[PDB]
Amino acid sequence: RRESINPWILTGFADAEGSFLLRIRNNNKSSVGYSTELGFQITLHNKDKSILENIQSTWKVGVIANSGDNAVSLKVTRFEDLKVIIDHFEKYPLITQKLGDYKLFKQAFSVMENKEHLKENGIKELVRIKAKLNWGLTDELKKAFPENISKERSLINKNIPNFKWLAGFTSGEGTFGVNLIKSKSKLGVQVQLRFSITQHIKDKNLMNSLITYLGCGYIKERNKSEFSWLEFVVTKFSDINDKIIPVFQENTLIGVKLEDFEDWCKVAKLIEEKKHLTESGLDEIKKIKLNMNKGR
């Protein structure tokens, strides 16, 4: 752990990458036949381990471990430590549908705080809570509690609270790219800066507000077969240079994605100076693109 993370940036990053967990596990050693585990977790690629360590030192809770060969995770399940998680998301609330999952996390916390999870009465309530959380109930767990159990919950419809949140959220779902377009120009290569944010259609309302909230961009309806998601995209350079860049200069990104923004800004300064029309500039832009994003 090194530095601390702004609380609203943390909530925005949690809106993007965090997830709440509730385990209801068969257990022959448990008086009620089941044991439980409640908490919150973030799984990232190895290269962003510094974010996990910064979150850990901000909250002073959580356990960092490997998550396969290429990922690393921060998990909070120590029950007393979950109070920190509750206190944070009460002061700095989530604004995506994940708020719904967090609200269920809170109900489960109340049950385990009353120690009711050690009685069949509490287990049954935890099953009702888990039925509306994330993937919901497995077929086995559903058959183990025959009663009628609702799986539906209230949709979340909230607004971007501030740029600090947007910087956290963008550090997760954002991308700063450079399109090399084969154009009918003299150089034969048009340089195009592209900024975009991706999100499932379950939060269409939040995605469309980005247009209004940022004063630029458009929405693209995408789908890979049976799956749908949205993509907010800005390609006009004046918007990128006047509206997108300054927002993130003043609300600093986190993770390696910050380096991608810094490099993205160099290309922006080149364009701004028209150096992107000279061949020496084009070669500098190619060098930058090669060493950012995957190429880094």
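In case it trips you up, residue 1 is the first one in the sequence shown, and so on.
- For the segment pair 74 to 82 and 187 to 195, the entry gives 187 to 195 the higher mean B-factor, averaged over Cα atoms.
- Relative to its counterpart among 150 to 158 and 92 to 100, 150 to 158 has the higher mean temperature factor, C-alpha atoms as listed in the PDB entry.
- The maximum CA B-factor among the listed residues 21, 16, 24, 282, taken from the PDB record, is found at 282.
- Looking only at 43, 66, 36, 30, the residue with the top Cα B factor in the deposited structure is 30.
- In the PDB entry, a CA B factor belonging to the middle third of its chain's modelled residues is recorded for residue 163.
- Sort the chain's modelled residues by C-alpha temperature factor and residue 180 lands in the middle third, per the entry.
- Per the deposited record, the Cα B-factor of residue 144 falls in the middle third when ranked against the other modelled residues of its chain.
- Sort the chain's modelled residues by C-alpha temperature factor and residue 9 lands in the middle third, per the entry.
- Annotation for residue 233: CA B-factor lies in the highest third of the chain's modelled residues.
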